[PDB]
Structures are given as C-alpha cells and as structure tokens.
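What follows is a single structure, written as structure tokens, with notes after it.
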Amino acid sequence: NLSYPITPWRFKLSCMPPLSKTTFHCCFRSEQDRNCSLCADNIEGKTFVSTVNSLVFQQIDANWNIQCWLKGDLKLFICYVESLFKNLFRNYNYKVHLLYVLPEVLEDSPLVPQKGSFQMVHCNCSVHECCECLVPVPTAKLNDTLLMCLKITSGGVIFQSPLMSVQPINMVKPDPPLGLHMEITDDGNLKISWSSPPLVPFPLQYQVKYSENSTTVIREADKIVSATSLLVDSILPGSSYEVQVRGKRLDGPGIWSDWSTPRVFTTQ
C-alpha cells in the first residue's frame with residue numbers, strides 16, 4: 001500500500017502537463033509499469049494552474065540526475081547532484097536540503113507524520129555546483145526504516161520528488177581498499193590481502209576479476225569470496241595477474257561499489 005520497491009536501480013523520471021504553491025506532477029516511466037506517487041509533505045496544494053504558462057514548460061525539459069546512497073562505512077550519506085547542461089553563461093545558485101526522518105515502530109495505528117517532522121540540514125555547497133552533506137547518523141538507527149523526499153527551493157518555487165521506499169543497506173559502497181599486498185604463499189599459492197572495514201555488521205561478498213594473460217594462453221576466471229584473503233590453486237609462472245574489485249550485496253540485488261585501483265602483478 002503506497003510502497004513501490006526500486007527495481008531496477010535505473011529509472012526515468014518525467015514531468016508532463018496534464019509561485020509558492022506551484023505543484024508539478026512527475027512520474028516514473030518504467031518498461032512495464034507507470035506509478036505516480038505524490039509526496040506526503042504537501043497535501044492541500046490543490047490550486048489551479050494556468051494553461052497559458054504550460055507552453056513555457058514545453059521549452060524547458062526537466063531532466064535532472066541526482067544520486068543518493070549510503071556509503072559502506074555506515075558513517076555518511078552521499079548525495080550527488082550533477083547538471084548535464086554544462087553552460088557557463090548561467091550559473092544558478094541552488095541550495096540542496098536533505099529532509100530525512102526515522103520513525104519508530106509503533107503498534108498503535110500507523111500514524112501519518114505531521115509537518116515539520118523531517119529534519120532540516122543545510123548542506124555546504126561549493127562554487128563549482130557541488131554540494132557536500134555531512135549527516136551524523138547514530139548506529140542505533142541504522143536498522144530502522146528511512147524515507148526520503150527531496151525538496152528543492154529556487155526563487156520561491158518548490159520542487160518535490162516522488163516518494164521512494166527502499167532499504168539503504170542494499171547498496172553498500174565500502175571504502176576503496178587500502179594496505180593491500182600480493183605475495184606468494186610457501187605452499188604454492190598467491191595471496192592478495194586487504195584490510196576490510198570492521199564496522200559492517202554482516203559479511204560482504206567480493207568478486208575480483210583476474211585473468212592469466214600470457215603471450216598465447218589466455219584464461220579469465222571469476223570467483224566470489226567473503227574472507228580477507230583469496231586462495232588460487234597452482235598459480236602459473238610467467239603470467240600477468242590484474243586485480244580489480246567491486247562490491248555487491250550477498251542477498252538479493254544490489255548496486256556496484258566504486259571502481260577500485262586495478263593492480264598488476266608479473267610473475268617471473
């Protein structure tokens with residue numbers, strides 16, 4: 001009921017025609033479904049909109065790319081806003097505010113949150129159209145349900161994104177590996193070792209792309225391991241091994257993590 005899972009992570013948002021209280025209806029254009037859910041922030045915005053000005057909206061295509069996710073360290077929530085229209089003739093000073101709430105589980109009716117429940121945090125926006133938000137989230141509220149509704153204020157005009165329901169834990173994006181070393185085990189195997197973050201409450205599966213790459217012999221192999229070290233049987237002498245790792249949730253779908261540094265090892 002009024003809850004749509006994000007499947008898949010790639011979605012298209014389009015606003016089409018049917019001040020302080022100008023409401024625009026935007027919907028997600030999926031391959032097989034068309035869902036139009038309005039945010040609960042404003043419910044009494046039933047105000048008439050002149051059709052004459054709608055033609056102006058025909059000349060401006062409301063296409064924006066905003067990516068909000070939770071980092072793998074479970075410390076900061078990263079929201080990136082980038083404008084595809086890189087025009088230097090107009091540098092609009094826009095402010096992005098992150099409105100988030102963490103309601104508790106109540107067994108006495110599903111009460112609707114009132115106005116002002118969402119916390120207002122002013123992000124630090126740089127001069128090159130980049131805004132960084134640092135929201136201190138306690139570890140005790142990580143297992144709760146988080147609902148977000150992006151709000152953009154520009155010249156007295158308010159734009160509200162459609163409500164989305166998703167668990168932030170399904171898109172773990174850990175820090176890039178550091179202190180990782182490659183060596184040859186005395187038993188005759190290659191160890192690539194890195195120090196995984198200890199703040200993750202569950203084991204994380206890691207897939208590494210490797211391929212024996214000789215002058216003629218080519219052999220690309222892939223395996224998924226969760227330990228801090230990888231065991232490969234009967235490493236081949238005189239071969240080049242490249243290591244590149246990306247993150248993904250063990251259970252169900254997920255979002256690929258950052259592209260780590262690919263490292264090359266050449267055996268004699």
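By convention in this document, the chains of the structure tokens carry letters A, B, ... by their order, each chain's residues are numbered from 1, and ligands are numbered from 1 in the order they are shown.
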Which residues are close to residue A:73, i.e. within 12 Å by only C-alpha atoms, leaving aside same-chain residues fewer than 5 positions away? Reply as a PyMOL selection string. chain A and resi 78+137+139+142+169+171-176+196-201
Since we have the selection now, will you write its residues out, keeping N, CA, C and O atoms, as a CSV table (one decimal), in the first residue's frame?
chain,number,residue,atom,x,y,z
A,78,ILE,N,25.8,9.9,1.0
A,78,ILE,CA,26.4,10.7,-0.1
A,78,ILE,C,25.3,11.0,-1.1
A,78,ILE,O,24.6,10.0,-1.7
A,137,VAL,N,24.7,10.1,11.6
A,137,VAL,CA,23.7,9.1,11.8
A,137,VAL,C,24.1,8.1,12.9
A,137,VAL,O,25.1,7.4,12.7
A,139,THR,N,24.6,4.8,15.1
A,139,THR,CA,24.5,3.4,14.7
A,139,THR,C,23.2,2.7,15.2
A,139,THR,O,22.8,1.6,14.7
A,142,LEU,N,20.5,2.6,12.4
A,142,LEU,CA,20.8,2.1,11.1
A,142,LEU,C,19.8,1.0,10.7
A,142,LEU,O,19.6,0.8,9.5
A,169,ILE,N,20.5,-0.4,3.0
A,169,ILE,CA,21.6,-1.4,3.2
A,169,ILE,C,21.8,-2.3,2.0
A,169,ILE,O,22.7,-3.1,2.0
A,171,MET,N,22.7,-1.3,-1.0
A,171,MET,CA,23.6,-0.6,-1.9
A,171,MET,C,24.9,-0.2,-1.2
A,171,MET,O,25.4,0.9,-1.3
A,172,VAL,N,25.5,-1.2,-0.5
A,172,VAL,CA,26.7,-1.0,0.3
A,172,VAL,C,27.8,-0.6,-0.7
A,172,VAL,O,28.1,-1.3,-1.7
A,173,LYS,N,28.5,0.5,-0.4
A,173,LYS,CA,29.6,1.0,-1.2
A,173,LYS,C,30.8,1.3,-0.3
A,173,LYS,O,31.0,2.4,0.2
A,174,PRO,N,31.6,0.2,0.1
A,174,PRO,CA,32.6,0.4,1.0
A,174,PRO,C,33.8,1.3,0.5
A,174,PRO,O,33.8,1.6,-0.7
A,175,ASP,N,34.7,1.7,1.4
A,175,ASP,CA,35.8,2.5,1.0
A,175,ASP,C,36.8,1.7,0.1
A,175,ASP,O,36.8,0.5,0.1
A,176,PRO,N,37.5,2.4,-0.8
A,176,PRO,CA,38.5,1.7,-1.7
A,176,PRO,C,39.5,1.0,-0.8
A,176,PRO,O,39.9,1.5,0.3
A,196,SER,N,39.6,-5.3,5.3
A,196,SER,CA,38.2,-4.9,5.2
A,196,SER,C,37.8,-4.1,6.4
A,196,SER,O,38.2,-4.3,7.5
A,197,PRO,N,36.9,-3.1,6.2
A,197,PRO,CA,36.3,-2.3,7.3
A,197,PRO,C,35.6,-3.2,8.3
A,197,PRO,O,34.9,-4.2,8.0
A,198,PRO,N,35.8,-3.0,9.6
A,198,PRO,CA,35.2,-3.8,10.7
A,198,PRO,C,33.8,-3.3,11.1
A,198,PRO,O,33.2,-4.0,11.9
A,199,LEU,N,33.3,-2.2,10.6
A,199,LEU,CA,32.0,-1.7,11.0
A,199,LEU,C,30.8,-2.3,10.3
A,199,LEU,O,29.7,-2.0,10.7
A,200,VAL,N,31.1,-3.1,9.3
A,200,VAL,CA,30.0,-3.8,8.6
A,200,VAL,C,29.4,-4.9,9.5
A,200,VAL,O,30.2,-5.8,9.9
A,201,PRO,N,28.1,-4.9,9.8
A,201,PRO,CA,27.6,-5.9,10.7
A,201,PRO,C,27.4,-7.3,10.1
A,201,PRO,O,27.2,-8.3,10.8
Could you find all residues in stretch 12-248 of chain A that DSSP calls strand (DSSP E or B) from the backbone, and write them as a VMD selection string? chain A and resid 13 to 15 26 to 29 34 to 35 65 to 71 77 to 82 95 to 97 100 to 101 119 122 124 to 125 131 to 132 147 to 148 151 to 154 157 to 160 164 to 165 173 181 to 185 189 to 193 205 to 213 218 to 225 229 to 233 240 to 243 245 to 248
Need the shell around residue A:159: protein/DNA/RNA residues with any atom at most 10 Å away, counting only C-alpha atoms. Skip same-chain ones fewer than 3 positions apart. Format as a ChimeraX atom specification? /A:21-25,150-154,156,162
When you draw a straight line from atom CA of residue A:61 to atom CA of residue A:2, how long is it in Å? 27.7 Å
List as a VMD selection string the protein and nucleic acid residues near residue A:233, meaning an atom at most 9 Å away when only C-alpha atoms are counted, but skip any in the same chain fewer than 5 places from it. chain A and resid 188 to 190
Have a look at atom CA of residue A:206 and atom CA of residue A:223 and let me know their distance in Å, one decimal. 8.5 Å
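Our summary of the geometry notes that atom CA of residue A:102 is positioned 19.4 Å from atom CA of residue A:38.
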Long-range neighbours of residue A:217 as number ranges by chain, 12 Å cut-off, only C-alpha atoms, 6 positions minimum in chain: A: 211, 236, 238-240
Selection to disk with N, CA, C and O atoms, as a short mmCIF file (atom, residue, chain, number, x, y, z; two decimals), in the first residue's frame:
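Once written, result-v9.cif looks like this:
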data_model
loop_
_atom_site.label_atom_id
_atom_site.label_comp_id
_atom_site.auth_asym_id
_atom_site.auth_seq_id
_atom_site.Cartn_x
_atom_site.Cartn_y
_atom_site.Cartn_z
N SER A 211 42.74 -12.77 -14.66
CA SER A 211 42.94 -13.50 -15.90
C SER A 211 44.43 -13.75 -16.11
O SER A 211 45.23 -12.80 -16.15
N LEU A 236 50.26 -19.84 -12.18
CA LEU A 236 51.08 -20.15 -13.35
C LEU A 236 52.29 -19.21 -13.42
O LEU A 236 52.13 -17.99 -13.38
N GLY A 238 55.30 -16.99 -15.00
CA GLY A 238 55.36 -16.18 -16.19
C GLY A 238 54.02 -15.69 -16.69
O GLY A 238 53.77 -15.72 -17.90
N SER A 239 53.14 -15.25 -15.80
CA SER A 239 51.81 -14.78 -16.15
C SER A 239 51.54 -13.45 -15.48
O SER A 239 52.09 -13.16 -14.41
N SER A 240 50.69 -12.64 -16.10
CA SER A 240 50.31 -11.35 -15.56
C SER A 240 48.90 -11.41 -14.97
O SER A 240 47.94 -11.79 -15.65
#
Can you work out which one of A:27, A:89, A:58, A:132 has the shortest atom-to-atom distance to residue A:76, counting only C-alpha atoms? A:132
Using only C-alpha atoms, tabulate the residues of stretch 59-113 of chain A lying at most 12 Å from any atom of stretch 252-264 of chain A, each with its closest atom pair and that distance in Å to one decimal, by chain and increasing residue number, as CSV.
residue,atom,partner,partner_atom,distance
A:67,CA,A:255,CA,11.8
A:68,CA,A:255,CA,11.9
A:69,CA,A:255,CA,9.6
A:70,CA,A:257,CA,10.8
A:71,CA,A:257,CA,9.1
A:72,CA,A:257,CA,8.7
Can you tell me which residues surround stretch 124-128 of chain A at a distance of at most 12 Å, considering only C-alpha atoms, apart from same-chain residues fewer than 2 positions away, and format the answer as a compact mmCIF listing (two decimals) with N, CA, C and O atoms, in the first residue's frame?
# COMPACT_ATOMS: atom_id res chain seq x y z
N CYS A 79 25.02 12.24 -1.34
CA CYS A 79 24.07 12.70 -2.34
C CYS A 79 24.81 13.57 -3.34
O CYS A 79 25.40 14.59 -2.97
N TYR A 80 24.79 13.17 -4.61
CA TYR A 80 25.47 13.88 -5.68
C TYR A 80 24.45 14.42 -6.67
O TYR A 80 23.60 13.67 -7.17
N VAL A 81 24.52 15.72 -6.93
CA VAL A 81 23.67 16.39 -7.90
C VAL A 81 24.56 16.96 -8.99
O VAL A 81 25.45 17.78 -8.71
N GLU A 82 24.33 16.54 -10.23
CA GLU A 82 25.12 16.98 -11.37
C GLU A 82 24.18 17.46 -12.47
O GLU A 82 23.16 16.82 -12.74
N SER A 83 24.53 18.58 -13.09
CA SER A 83 23.74 19.16 -14.17
C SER A 83 24.37 18.78 -15.51
O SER A 83 25.54 19.09 -15.75
N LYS A 86 26.05 21.72 -19.01
CA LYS A 86 27.24 22.43 -18.54
C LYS A 86 27.40 23.72 -19.34
O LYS A 86 28.23 23.84 -20.24
N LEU A 88 28.22 27.71 -19.07
CA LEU A 88 28.87 28.71 -18.22
C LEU A 88 28.19 30.07 -18.28
O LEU A 88 28.53 30.95 -17.48
N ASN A 91 25.04 30.45 -14.20
CA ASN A 91 25.45 29.69 -13.02
C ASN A 91 24.43 29.96 -11.92
O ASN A 91 24.58 30.90 -11.13
N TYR A 92 23.39 29.14 -11.87
CA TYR A 92 22.34 29.31 -10.86
C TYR A 92 22.84 28.86 -9.50
O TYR A 92 23.46 27.80 -9.37
N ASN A 93 22.56 29.67 -8.47
CA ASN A 93 22.95 29.35 -7.10
C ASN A 93 21.80 28.59 -6.45
O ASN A 93 20.86 29.18 -5.91
N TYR A 94 21.88 27.27 -6.51
CA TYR A 94 20.84 26.40 -5.96
C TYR A 94 21.33 25.76 -4.67
O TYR A 94 22.50 25.40 -4.54
N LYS A 95 20.42 25.61 -3.71
CA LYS A 95 20.71 25.00 -2.42
C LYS A 95 19.92 23.71 -2.29
O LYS A 95 18.71 23.68 -2.55
N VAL A 96 20.61 22.64 -1.89
CA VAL A 96 20.01 21.32 -1.74
C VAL A 96 19.89 21.02 -0.26
O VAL A 96 20.88 21.08 0.48
N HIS A 97 18.68 20.69 0.18
CA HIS A 97 18.40 20.35 1.57
C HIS A 97 17.97 18.89 1.66
O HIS A 97 17.13 18.44 0.88
N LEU A 98 18.56 18.16 2.61
CA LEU A 98 18.27 16.75 2.80
C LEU A 98 17.26 16.60 3.93
O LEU A 98 17.59 16.83 5.10
N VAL A 121 18.64 20.15 7.36
CA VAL A 121 20.09 20.29 7.44
C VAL A 121 20.56 21.02 6.19
O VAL A 121 20.23 20.62 5.07
N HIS A 122 21.32 22.09 6.39
CA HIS A 122 21.83 22.90 5.29
C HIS A 122 23.18 22.34 4.84
O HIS A 122 24.15 22.37 5.59
N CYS A 130 28.76 21.87 -6.67
CA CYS A 130 28.86 20.62 -5.93
C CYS A 130 28.53 20.89 -4.47
O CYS A 130 29.08 21.83 -3.87
N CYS A 131 27.65 20.08 -3.90
CA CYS A 131 27.21 20.22 -2.52
C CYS A 131 27.57 18.96 -1.74
O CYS A 131 27.31 17.85 -2.20
N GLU A 132 28.15 19.15 -0.56
CA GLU A 132 28.54 18.05 0.31
C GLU A 132 27.72 18.12 1.60
O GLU A 132 27.66 19.17 2.24
N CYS A 133 27.11 17.00 1.97
CA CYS A 133 26.28 16.91 3.17
C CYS A 133 26.90 15.93 4.14
O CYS A 133 27.26 14.81 3.76
N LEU A 134 27.02 16.34 5.40
CA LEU A 134 27.57 15.51 6.47
C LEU A 134 26.50 15.36 7.55
O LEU A 134 26.34 16.25 8.39
N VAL A 135 25.78 14.25 7.52
CA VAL A 135 24.70 13.97 8.46
C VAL A 135 25.18 12.90 9.43
O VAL A 135 25.38 11.74 9.03
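Counting only C-alpha atoms and comparing A:84, A:47, A:166, A:56, the residue that lies closest to residue A:9 is A:166.
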